[PDB]
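What follows is a set of notes on a single structure, which appears directly below.
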Amino acid sequence: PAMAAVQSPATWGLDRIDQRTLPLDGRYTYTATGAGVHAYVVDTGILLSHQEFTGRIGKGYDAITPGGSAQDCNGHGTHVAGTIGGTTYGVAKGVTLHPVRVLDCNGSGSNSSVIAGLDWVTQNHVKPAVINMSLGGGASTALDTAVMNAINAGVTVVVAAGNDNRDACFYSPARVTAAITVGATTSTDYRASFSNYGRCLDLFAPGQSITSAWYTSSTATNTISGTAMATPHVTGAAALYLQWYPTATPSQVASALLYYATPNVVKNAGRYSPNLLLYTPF
Amino acid sequence: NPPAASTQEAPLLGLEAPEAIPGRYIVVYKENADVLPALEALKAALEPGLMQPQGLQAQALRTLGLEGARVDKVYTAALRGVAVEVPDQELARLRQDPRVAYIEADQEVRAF
Ligand SMILES: [Ca+2]
Ligand SMILES: [Mg+2]
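Chains B and A supply the protein sequences, listed in that same order. Note that the deposited numbering has the first sequence beginning at -3, numbered continuously upward. Note that the deposited numbering has the second sequence beginning at 2, numbered continuously upward.
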């Protein structure tokens, strides 16, 4: 059996999610690592050579260039992947990370590229499996359906609420009920000023000034903000739970994370938002 | 005695959105349409490292009425559909296929 581990110092987002109340204690604690779990990062790609991921990059898919390696040339996907599973910056330090490159070097893509990534994961994922979608756009029946079909295939899908300070129900895939839709908080437990809100959210996670990996060298880091940064904290926590419960359905993963979430600590959470902040005892 | 006009026209969605990408569309098939084997052949024709006979791709393009159309992505698992770039007349013909549930203009997405 494993023994609990303590990371200290830890970046603030990790520091926050292993405790109920402020103040932060500079420590991130975990027992599971996500070993044996597969996280599919649907984003700008991943820097395959980053030290944060050594030995834990799995096969991927490049929607931008047929047969490409899905390497990150923007940084966003590497930062997101680092929060899921980076040795230093990640929630699940033993997870396998799969790059699914659907956005170009400028962070832009299309519904058609995103759906291609979801199609590849739905076909080729290995369970236990979780998808991270730190991206989105206008309402789309086709994109919503692709997300639903991934969930129906048994893959948990974690999606960013968006950064418009608006109701998330207006946007895809944030409005997909069966996906875990994630809002962003700050280090003092406020909803970040840009975070979308409302009944389509499932919970909040750290998303303001989050430190993680970057694509410019094997050791580069960056500190940036967005619901794209909150989402991978939840994906990482899902991966930890899946190590404990590898046959859990998406419904069961969501029920567990929502049961464990810290209630009623998010300030200015917004009209009809569930007042829940990610907590991991895994 | 000439046959009646076709009564098939799939919904065409999203053309008004500011992020619509001109000339690019996602064709989504009905779940009761027997399109799966044709889509699987078209996907395989794009698979790196794989050798495929010409006849499978040619048959799939006929079955789906996608001859001459620029097919960029093929969906079989998350969705039954294709991403295409076609002119207006070809788009109108694709909307007359009764197996098509709807067609969406492709749209720009951004990292959050
Ligand atoms: Ca802590
Ligand atoms: Mg949900």
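Every residue, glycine too, gets a C-beta built ideally from N, C-alpha and C.
Test item: CB-CB of residue i and residue j under 9 Å
{"i": "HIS34 (chain B)", "j": "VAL91 (chain B)", "result": "yes"}
{"i": "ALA209 (chain B)", "j": "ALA201 (chain B)", "result": "no"}
{"i": "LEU197 (chain B)", "j": "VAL230 (chain B)", "result": "no"}
{"i": "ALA142 (chain B)", "j": "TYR76 (chain A)", "result": "yes"}
{"i": "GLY105 (chain B)", "j": "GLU109 (chain A)", "result": "yes"}
{"i": "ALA21 (chain A)", "j": "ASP107 (chain A)", "result": "yes"}
{"i": "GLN239 (chain B)", "j": "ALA1 (chain B)", "result": "no"}
{"i": "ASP68 (chain B)", "j": "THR40 (chain B)", "result": "yes"}
{"i": "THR29 (chain B)", "j": "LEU236 (chain B)", "result": "yes"}
{"i": "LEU139 (chain B)", "j": "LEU199 (chain B)", "result": "no"}
{"i": "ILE147 (chain B)", "j": "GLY9 (chain B)", "result": "no"}
{"i": "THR227 (chain B)", "j": "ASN128 (chain B)", "result": "yes"}
{"i": "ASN159 (chain B)", "j": "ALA224 (chain B)", "result": "yes"}
{"i": "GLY50 (chain A)", "j": "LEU95 (chain A)", "result": "no"}
{"i": "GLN90 (chain A)", "j": "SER7 (chain A)", "result": "no"}
{"i": "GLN204 (chain B)", "j": "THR182 (chain B)", "result": "yes"}
{"i": "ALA175 (chain B)", "j": "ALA78 (chain A)", "result": "no"}
{"i": "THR276 (chain B)", "j": "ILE53 (chain B)", "result": "no"}
{"i": "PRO242 (chain B)", "j": "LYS55 (chain B)", "result": "no"}
{"i": "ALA39 (chain A)", "j": "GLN60 (chain A)", "result": "yes"}
Nearest residue (CA-CA) to residue i, options the options
{"i": "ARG25 (chain A)", "options": "B:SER108, B:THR152, B:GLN204 and B:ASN264", "result": "B:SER108"}
{"i": "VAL117 (chain B)", "options": "B:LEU272, B:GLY232 and B:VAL37", "result": "B:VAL37"}
{"i": "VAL153 (chain B)", "options": "B:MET144, B:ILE111 and B:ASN159", "result": "B:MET144"}
{"i": "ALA170 (chain B)", "options": "B:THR212, B:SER130, B:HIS72 and B:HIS121", "result": "B:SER130"}
{"i": "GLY69 (chain A)", "options": "A:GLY82, A:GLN53, A:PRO88 and A:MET52", "result": "A:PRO88"}
{"i": "residue 284 (chain B)", "options": "B:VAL155, B:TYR237 and B:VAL172", "result": "The displayed coordinates of chain B run from -3 to 278. Any statement about residue 284 (chain B) would go beyond what the structure contains."}
{"i": "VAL101 (chain A)", "options": "A:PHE113, A:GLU17, A:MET52 and A:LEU80", "result": "A:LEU80"}
{"i": "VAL126 (chain B)", "options": "B:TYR26, B:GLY232, B:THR40 and B:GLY54", "result": "B:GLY232"}
{"i": "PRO95 (chain B)", "options": "B:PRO(-3), B:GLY73 and B:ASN120", "result": "B:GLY73"}
{"i": "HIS121 (chain B)", "options": "B:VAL110, B:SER136, B:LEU10 and B:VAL151", "result": "B:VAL151"}
{"i": "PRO(-3) (chain B)", "options": "B:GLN248, B:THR27 and B:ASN161", "result": "B:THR27"}
{"i": "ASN33 (chain A)", "options": "A:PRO99, A:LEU67 and A:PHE113", "result": "A:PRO99"}
{"i": "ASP35 (chain A)", "options": "A:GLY82, A:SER7, A:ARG71 and A:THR8", "result": "A:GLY82"}
{"i": "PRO23 (chain A)", "options": "A:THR8, A:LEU92, A:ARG111 and A:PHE113", "result": "A:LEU92"}
{"i": "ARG111 (chain A)", "options": "B:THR84, B:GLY133 and B:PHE166", "result": "B:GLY133"}
{"i": "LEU13 (chain A)", "options": "B:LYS55, B:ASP58, B:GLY103 and B:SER136", "result": "B:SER136"}
{"i": "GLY71 (chain B)", "options": "B:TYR57, B:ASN218 and B:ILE53", "result": "B:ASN218"}
{"i": "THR83 (chain B)", "options": "B:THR245, B:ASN102 and B:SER4", "result": "B:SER4"}
{"i": "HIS75 (chain B)", "options": "A:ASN2, A:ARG63, A:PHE113 and A:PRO3", "result": "A:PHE113"}
{"i": "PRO62 (chain B)", "options": "B:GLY86, B:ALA180, B:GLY113 and B:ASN102", "result": "B:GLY113"}
Those residues which DSSP pairs with residue i across a bridge
{"i": "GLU105 (chain A)", "result": "A:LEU14 and A:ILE27"}
{"i": "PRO95 (chain B)", "result": "B:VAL37"}
{"i": "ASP163 (chain B)", "result": "B:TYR193"}
{"i": "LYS44 (chain A)", "result": "Beta-bridge pairing links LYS44 (chain A) to no other residue."}
{"i": "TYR57 (chain B)", "result": "B:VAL96"}
{"i": "residue 280 (chain B)", "result": "Residue 280 (chain B) cannot be examined here, being either before or after the span of chain B that is shown, -3 to 278."}
{"i": "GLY132 (chain B)", "result": "A:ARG111"}
{"i": "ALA209 (chain B)", "result": "B:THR217"}
{"i": "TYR24 (chain B)", "result": "B:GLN3"}
{"i": "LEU273 (chain B)", "result": "B:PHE200 and B:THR258"}
{"i": "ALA156 (chain B)", "result": "B:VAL178"}
Cβ shell of residue i (< 7 Å), same chain only, five flanking positions each side left out
{"i": "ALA6 (chain B)", "result": "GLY22, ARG23 and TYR24"}
{"i": "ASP185 (chain B)", "result": "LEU18, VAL261, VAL262 and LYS263"}
{"i": "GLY15 (chain A)", "result": "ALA21, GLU105, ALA106 and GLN108"}
{"i": "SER214 (chain B)", "result": "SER45, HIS46 and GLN47"}
{"i": "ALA234 (chain B)", "result": "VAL126, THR152, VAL154, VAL249 and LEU253"}
Own chain partners of residue i with C-beta closer than 6 Å, once the 5 adjacent residues on each side are dropped
{"i": "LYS74 (chain A)", "result": "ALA84"}
{"i": "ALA77 (chain B)", "result": "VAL37, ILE42 and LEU93"}
{"i": "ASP100 (chain B)", "result": "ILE60"}
{"i": "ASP163 (chain B)", "result": "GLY194"}
{"i": "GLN9 (chain A)", "result": "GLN97 and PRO99"}
{"i": "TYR167 (chain B)", "result": "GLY132 and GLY158"}
{"i": "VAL172 (chain B)", "result": "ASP140 and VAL143"}
{"i": "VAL72 (chain A)", "result": "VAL83 and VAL85"}
Same chain, Cβ closer than 8 Å to residue i, five either side skipped, listed in chain order
{"i": "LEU57 (chain A)", "result": "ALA42, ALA45 and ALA46"}
{"i": "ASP11 (chain B)", "result": "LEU20, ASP21, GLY22, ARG23 and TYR24"}
{"i": "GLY64 (chain B)", "result": "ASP58 and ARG97"}
{"i": "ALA257 (chain B)", "result": "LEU199, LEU272, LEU273, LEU274 and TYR275"}
{"i": "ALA18 (chain A)", "result": "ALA106 and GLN108"}
(message) Under 7 Å, CB to CB, which of the residues in the segment 111 to 134 of chain B have a partner in chain A?
(response) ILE111, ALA112, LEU114, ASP115, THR118, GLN119, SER130, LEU131, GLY132, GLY133 and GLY134
Checklist entry - Taking any Cβ of chain A, which residues in the segment 33 to 66 of chain B have a Cβ under 8 Å from it, in chain order? => result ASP39, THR40, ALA59, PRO62 and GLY63
Between the segment 35 to 51 of chain A and chain B, which residues of the former have CB atoms less than 7 Å from a CB of the latter, in chain order?
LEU47 and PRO49
field: Within 8 Å of chain B by C-beta, residues of the segment 21 to 34 of chain A in sequence order
entry: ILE22, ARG25, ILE27 and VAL29
**Asked** Any residues in the segment 85 to 111 of chain A with a beta carbon nearer than 8 Å to a beta carbon of chain B? Which ones, in chain order?
**Response** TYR103, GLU105, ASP107, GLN108, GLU109, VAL110 and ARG111
task: With 7 Å as the C-beta to C-beta threshold (strictly closer), list the residues of the segment 72 to 104 of chain B near chain A in chain order.
output: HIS72, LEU99, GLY103 and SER104
**Prompt:** What are the residues of the segment 58 to 80 of chain A that lie near chain B, defined by any Cβ-Cβ distance shorter than 9 Å?
**Reply:** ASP73, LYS74, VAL75, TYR76, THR77, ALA78, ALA79 and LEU80
**Contact residues within the segment 220 to 245 of chain B, judged by C-beta distance below 7 Å to chain A** = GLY222, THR223 and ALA224
For the segment 141 to 156 of chain B, list every residue whose C-beta sits within 7 Å of some C-beta in chain A, in sequence order.
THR141, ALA142, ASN145, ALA146 and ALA156
Between the segment 158 to 170 of chain B and chain A, which residues of the former have a C-beta closer than 7 Å to a C-beta of the latter? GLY158 and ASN159
*Using a beta-carbon distance cut-off of less than 9 Å, what residues from the segment 4 to 16 of chain A approach chain B?*
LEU14 and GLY15
If you measure from each residue's Cβ to the nearest non-hydrogen atom of ligand 3, which ones come out under 5 Å, in chain order? In terms of ligand content, the structure shown lacks ligand 3 and carries ligand 1 and ligand 2 instead.
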